[PDB]
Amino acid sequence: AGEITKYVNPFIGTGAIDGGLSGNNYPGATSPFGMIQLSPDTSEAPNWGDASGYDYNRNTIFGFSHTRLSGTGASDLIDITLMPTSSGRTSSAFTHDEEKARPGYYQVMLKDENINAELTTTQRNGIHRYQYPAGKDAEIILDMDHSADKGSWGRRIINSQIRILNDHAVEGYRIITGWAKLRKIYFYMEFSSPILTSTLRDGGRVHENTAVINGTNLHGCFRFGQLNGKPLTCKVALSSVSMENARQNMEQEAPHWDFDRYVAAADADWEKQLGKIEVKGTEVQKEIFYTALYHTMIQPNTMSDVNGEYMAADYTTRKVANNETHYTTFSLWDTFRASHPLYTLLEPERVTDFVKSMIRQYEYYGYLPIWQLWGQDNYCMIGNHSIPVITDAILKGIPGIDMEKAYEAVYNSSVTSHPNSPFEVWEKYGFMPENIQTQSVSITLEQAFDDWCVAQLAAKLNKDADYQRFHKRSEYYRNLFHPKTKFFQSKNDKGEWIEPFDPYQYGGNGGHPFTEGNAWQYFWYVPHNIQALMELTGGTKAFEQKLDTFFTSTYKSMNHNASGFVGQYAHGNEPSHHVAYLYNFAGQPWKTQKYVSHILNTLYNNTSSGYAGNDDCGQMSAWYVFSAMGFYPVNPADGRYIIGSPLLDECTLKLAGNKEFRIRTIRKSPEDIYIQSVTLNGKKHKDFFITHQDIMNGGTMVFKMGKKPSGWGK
């Protein structure tokens, strides 16, 4: 018990060094792909700098809430907040010295009044256990106002309710706006001891011992008297649909009152999840690796209730079939790159539900998700990056996906214009003109890649006319390639290059042709035709040389999303993430190995500041998981993984059937970062990639490593 789970350190990514963006992870309890993230908030109102609610540099806890995002650069959720107290207090100091976390478990001693808080979860319930000093009164404060910063996104509470049903049960809801336009969060809560007195309020309006209150700024205080020394256990279930659903969620998943038993089931559940990859390496490597793997598995989030009901993207209540689960929290601009490829390896059964969930947005909203939060699109970032995810699953043969319905959704999302996707402009110009559509160069590149995916899906279904159309569109990166400067640059609607152009200059999220990066970084974004890109650059040697400049040029111009620098390579944001693997394509695999190894060893660590930037729903972590094993999905829809440099001594992927993909290394020391040779299933392996089918068949792959570059693949 705890062989693997003891390696996860939930505090990795919860802080930042001295400036530089936090990982924005949280240390509190959750379950795999769960609905509940039960965690302390170290802010009264979480914002972009502490978007999960927890910041390791802070020393005050303002309550325990039940929902949040992991690693995002904008805050939302933070719903249903409990705080223990003996004297109506709403905050407490704490120290990291008297605080612990592990998969499914969080504990902290609240110092102001010496109350011990422990947290665990099921898929849809949060479970609390609070120990008050003997001789002191036990109270719980319920805060329904506490949320992400109300000065952002037009965020306000439209309406809410707290309703005491009996001496051990409370229910309510909040309807709230924000980064997601409209969310409804219903709850059902029970206590292990009877409520003796209580107070409800809405702002300055206070009602003593009153069974219900409605309003926009609601707070409850429940008083249990002297319980010395019995702990108070609280159970809280949520739903996007109704209080009835939430109650039913509790009846099915959390009927009992054995706290330690919930803790043990969460740990067991996490041991099975993390056990999908058995690794061998140093103790620090296993900590960093299993923590990263944990970060990939805490979302997408369960949205449907145990009865299958969910709020759909048309704001109506719908129901999935009995063997299906509706998911949300799709940070797709990030997660299409590595996280979704990882789920095809470890979570094929869940991938079918992720895809079905994406398709429901098309069905009820008109196009697939761009960035999805609480069952609805918020259009964050760029592209239509459901498309690679859905394409990749289908091409790989992930079972249970209706391919014709999936194609309809992908096709219609690629021809029906919508914000940041003016498709008539796209097909008329063969690029996005900056004066018509901003973030034009980044969109042109990323959308071109989305279009390649559509083409591959059309080819699979024998839709020849569609293949031509979308293949031609996949080639529109060519229309922005400048033949003198050899960068992709912005043009206007007259077909003229905008001048002046500085390839070091950062753009934001509009008002500039690049999205949270510069032209140096976006140059590499032709993942579906690296051969064409190399040719345009002047051939393999010229392409190698440009990569060398990229990795060594230290000019600081600036966007705060960019950090974790290797020259102009910025590991802290995701446009760079595929680039270190590109030396393979240029005939210098040793340089990929050199740079990958440098990033793994130098831009990740096992402290609070352990990621180079925002984790972004586990994308930064997924990069580590992939790269540490020794390969990466450069084109996340072609079913190939490009070999880098294996960090760990061994890795074993557990697959369906009783199959295993066994990765092994022959090395003398940790200096042995260069690949001398590779074998797959006993035959010498002559390519710089392994296929998805090679992995899912089961088999074994051996790397002979060495301290010096060989001529392998060179």
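Start at 1 with the first residue shown and count on from there.
The entry shows an unbroken chain from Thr95 to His96, with no unmodelled residues of the deposited sequence in between.
Once the C-alpha B-factors are averaged per stretch, 245 to 253 and 505 to 513 rank with 505 to 513 first.
The PDB entry records a higher mean C-alpha B factor for 559 to 567 than for its counterpart among 559 to 567 and 270 to 278. Out of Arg174, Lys405, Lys181, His528, the entry records its largest CA B-factor for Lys405. When the Cα B-factors of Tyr106, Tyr467, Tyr290, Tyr365 are read from the PDB record, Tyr467 comes out highest. Residue-level temperature factors show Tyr26 in the lowest third of its chain, judged at the C-alpha atom. Ranked by C-alpha B-factor against the other modelled residues of its chain, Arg478 falls in the middle third.
Remark: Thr210 belongs to the middle third of its chain, ranked by C-alpha B-factor as recorded. In the deposited entry, the Cα temperature factor of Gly698 sits in the middle third of values across the chain's modelled residues. For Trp48, the recorded CA B-factor ranks within the highest third of the chain. Only modelled residues enter the ranking.
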